[PDB]
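We're numbering straight along the sequence, starting at 1. Note that these values count all heavy atoms, side chains included, but never hydrogens, waters or copies made by symmetry.
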Amino acid sequence: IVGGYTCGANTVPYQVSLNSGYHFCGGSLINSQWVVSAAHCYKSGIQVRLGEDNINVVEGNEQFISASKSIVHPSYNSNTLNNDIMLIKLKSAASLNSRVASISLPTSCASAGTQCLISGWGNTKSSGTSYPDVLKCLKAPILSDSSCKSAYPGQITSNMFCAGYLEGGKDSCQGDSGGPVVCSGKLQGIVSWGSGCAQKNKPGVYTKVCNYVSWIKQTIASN
Ligand SMILES: N=C(N)c1ccc(/C=N/OCC(=O)O)cc1
Ligand SMILES: [Ca+2]
């Protein structure tokens with residue numbers, strides 16, 4: 001997260017870290033057994049880490065649970081990043097408490113102009129590289145679809161939305177991939193892609209979770 005702020009320990013209790021020997025992506029806990037992340041975060045041997053603040057120090061509130069299965073969206077296209085969503089099932093149910101909690105799926109799509117909370121342990125520089133210890137947060141508005149399409153001509157599908165600041169300076173970044181965009185207490189987006197980070201006229205592009213609720217519900221009812 002570039003140009004954001006330190007969230008505060010366990011104030012984003014649905015935020016997870018995906019670990020494969022190292023942190024590589026974020027995710028969102030949607031119930032005791034399932035995490036929503038980006039399909040571009042897919043790999044084998046994922047361990048889900050819940051209740052994290054400092055990802056490099058065991059502070060006492062963590063739950064580390066291996067993934068039992070990963071389910072990439074059936075229409076995910078890794079070239080265009082259309083349908084950039086994946087479900088990850090935990091080998092055992094997480095213990096839900098104040099520091100580990102699920103985030104609601106949306107019943108309707110979010111509105112242009114709505115300020116959302118984006119979070120992660122990704123790069124904090126728009127140029128150069130610095131990775132934070134503790135979880136970072138960013139408040140950013142959903143942009144109009146016309147401004148989104150103008151920023152990325154020929155690249156924005158109906159399964160994507162833009163959020164952030166056209167002036168640049170504030171954005172999600174590498175390492176935040178798969179993490180939450182929460183608007184009005186609902187998981188509305190997943191950190192997907194963008195040209196660089198915090199670049200002028202290049203806002204963040206996010207998977208439009210409201211389009212996937214049926215698929216999510218069907219998949220979790222059957223796996
Ligand atoms: N909001 C952005 N500008 C943005 C969002 C997501 C990415 C994803 N990078 O994937 C590689 C990785 O995470 O290691 C890049 C830029
Ligand atoms: Ca920790």
Side-chain angles (χ1 to χ4, degrees), residues 1-5 15 25-28 36-42 72-86 103 105-130 136-216:
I1 300 286
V2 175
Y5 63 100
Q15 172 82 54
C25 271
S28 302
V36 168
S37 186
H40 83 261
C41 291
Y42 169 79
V72 167
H73 192 280
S75 301
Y76 170 58
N77 181 313
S78 56
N79 297 146
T80 61
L81 295 181
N82 198 25
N83 308 293
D84 191 11
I85 187 172
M86 165 185 68
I103 182 76
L105 290 179
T107 55
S108 73
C109 300
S111 291
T114 296
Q115 293 281 341
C116 306
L117 180 70
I118 309 176
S119 50
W121 288 278
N123 194 0
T124 64
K125 306 297 199 67
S126 57
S127 283
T129 70
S130 183
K136 297 298 192 158
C137 275
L138 173 70
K139 290 189 175 181
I142 295 173
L143 304 175
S144 65
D145 288 330
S146 61
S147 70
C148 190
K149 299 178 183 156
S150 289
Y152 297 103
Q155 290 185 100
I156 305 298
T157 71
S158 57
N159 302 308
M160 301 173 191
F161 69 89
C162 288
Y165 300 89
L166 296 171
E167 63 269 33
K170 292 191 277 277
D171 197 4
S172 58
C173 200
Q174 285 75 40
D176 294 322
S177 286
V181 181
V182 164
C183 318
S184 307
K186 309 296 189 170
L187 182 65
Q188 295 284 8
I190 299 155
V191 181
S192 187
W193 64 278
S195 169
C197 315
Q199 300 302 298
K200 188 192 184 170
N201 289 135
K202 295 296 176 176
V205 189
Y206 297 95
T207 309
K208 190 168 174 158
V209 175
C210 63
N211 291 354
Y212 300 97
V213 171
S214 293
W215 170 76
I216 291 169

- Item | Heavy-atom closest pair, residues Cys148 and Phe161 | SG-C, 4.0 Å

- Message: As an exercise, state the distance from CG of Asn77 to CG of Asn159, rounded to the nearest 0.5 Å.
- Response: 11.5 Å

- Message: Would you compute the distance between atom SG of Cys183 and atom NZ of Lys139 and round it to the nearest 0.5 angstrom?
- Response: 12.0 Å

- Ring geometry between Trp215 and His73 (parallel below 30°, tilted from 30 to 60°, perpendicular above 60°): tilted

- Message: For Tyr206 versus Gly189, what's the shortest heavy-atom pair and its separation?
- Response: CB-CA, 4.5 Å

- Side-chain touch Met86/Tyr76, heavy atoms, less than 4.5 angstrom: no

- Does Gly164 offer a backbone N or O that forms a donor-acceptor pair with the side chain of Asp171 under 3.5 Å? no

- With sequence neighbours left out, what residues match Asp84 under side chain to side chain donor-acceptor pair (under 3.5 Å)? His40, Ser192

- Out of curiosity, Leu187 CG to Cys210 SG, how far, rounded to the nearest 0.5 Å? 10.5 Å

- Query: Quick one: does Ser111's side chain have a donor or acceptor within less than 3.5 Å of a partner on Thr114's backbone?
  - Reply: no

- List the atom of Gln155, the atom of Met160, and the distance in Å for their closest heavy-atom pair. O-SD, 3.5 Å

- Could you give the distance from OG (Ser28) to CG (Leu105), rounded to the nearest 0.5 Å? 9.5 Å

- Task: Kindly determine whether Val209 and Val181 satisfy side-chain contact (heavy atoms from CB on, under 4.5 Å), including the steps that lead there.
- Result: CA-CA 9 Å; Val209 175; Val181 181; over 6 Å; no

- Quick one: closest heavy-atom pair of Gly194 and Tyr152, and the distance? CA-OH, 3.5 Å

- Query: Is there a side-chain contact between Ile1 and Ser119, using heavy atoms and a 4.5 Å cut-off?
  - Reply: no

- Just by distance, do the side chain of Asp176 and the backbone of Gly122 share a donor-acceptor pair under 3.5 Å? yes

- Message: Between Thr124 (side chain only) and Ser130 (backbone N and O only), is there a donor and an acceptor less than 3.5 Å apart?
- Response: yes

- Correct closest heavy-atom pair for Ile190 and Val36 would be CD1-CG1, 3.6 Å

- If you measure from SG on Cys137 to CG on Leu117, what distance do you get to the nearest 0.5 Å? 4.5 Å

- Message: Let me confirm one number: the CG-OG1 distance from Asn83 to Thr157, rounded to the nearest 0.5 Å.
- Response: 6.5 Å

With a cut-off of 3.5 Å and sequence neighbours excluded, list every side-chain donor-acceptor pair involving residues 197-204.
{"unit_1": "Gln199", "atom_1": "NE2", "unit_2": "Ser126", "atom_2": "O", "d": "3.4"}
{"unit_1": "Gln199", "atom_1": "NE2", "unit_2": "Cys197", "atom_2": "O", "d": "3.0"}
{"unit_1": "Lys202", "atom_1": "NZ", "unit_2": "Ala151", "atom_2": "O", "d": "2.8"}

- Item | Nearest heavy-atom neighbours spanning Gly185 and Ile103 | O-CD1, 3.6 Å

- Please examine the side chains of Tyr165 and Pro141, heavy atoms only from C-beta on, and report whether any two atoms are closer than 4.5 Å. yes

- Would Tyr212 and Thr207 count as having a side-chain donor-acceptor pair, cut-off 3.5 Å? no

